[PDB]
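First, one chain by itself in structure tokens, the form deposited without the partner chain.
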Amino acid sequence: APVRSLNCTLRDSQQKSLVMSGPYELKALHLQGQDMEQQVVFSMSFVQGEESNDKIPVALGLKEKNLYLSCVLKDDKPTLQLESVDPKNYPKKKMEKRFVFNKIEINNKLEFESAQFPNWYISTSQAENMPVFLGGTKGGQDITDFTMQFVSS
């Protein structure tokens, strides 16, 4: 298929699920049971960019929503945001760089690095119900690895 996609959910390494905060933010919280259908389903697209065996460029959109994770400078700092796109032009194989994340298979885990801001990663806090953000430091306080769960579309 022109741009190929797969539906999935992401969980941080502390088993926190992702849910929609406002219309333009994601939050991470400990969910289980019925409250699980609250989780965001992503449409991961395999876009063009520099690839390797453990580094694959992807675009992360919300399933059946014209909203994508984007990396932009805000108050002179790489920041994560959900951005709206023309529902007729996306997804595309050649997504603008702000939308591209390098999906890196490390442990049994995944890391999502901004293609635009090298060494800037999708991160979650240790604390409950805090927004998903772009973090510039791996290996400490904040969580930078996830597991992916495939959903049947």
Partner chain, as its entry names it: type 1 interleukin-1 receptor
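Residue numbers count along the first chain shown, from 1. Think of the rigid core as the biggest set of C-alphas that the two forms share within 1.5 Å after superposition. Only residues modelled in both forms are compared.
- For the pair 17-25 and 135-143, the record assigns the higher mean C-alpha temperature factor to 135-143.
- Taking the PDB entry as given, 103-111 carries the higher mean Cα B factor of the two stretches 103-111 and 40-48.
- Taking the PDB entry at face value, the top CA B factor among 70, 119, 53, 123 belongs to 53.
- The residue among 97, 65, 93, 30 whose C-alpha carries the highest B-factor in the deposited model is 93.
- The deposited CA B-factor of residue 8 belongs to the middle third of values across its chain.
Here the subject shifts to the form deposited with the partner chain bound, a form of this protein not shown in this document.
- Taking the partner chain as positioned in the bound PDB entry, the residues of 86-110 that bring a heavy atom within 4.5 Å of it are, in sequence order, 92, 93, 94, 103, 105, 108.
- Here the two forms are overlaid on the core, and between the shown form and the other one the C-alpha of 52 is the only one among 48, 84, 52, 119 to shift by 2 Å or more.
- Listed alone, 52-54 marks the only place where three or more consecutive residues have CA shifts of 2 Å or more between the shown form and the other one on superposition of the core.
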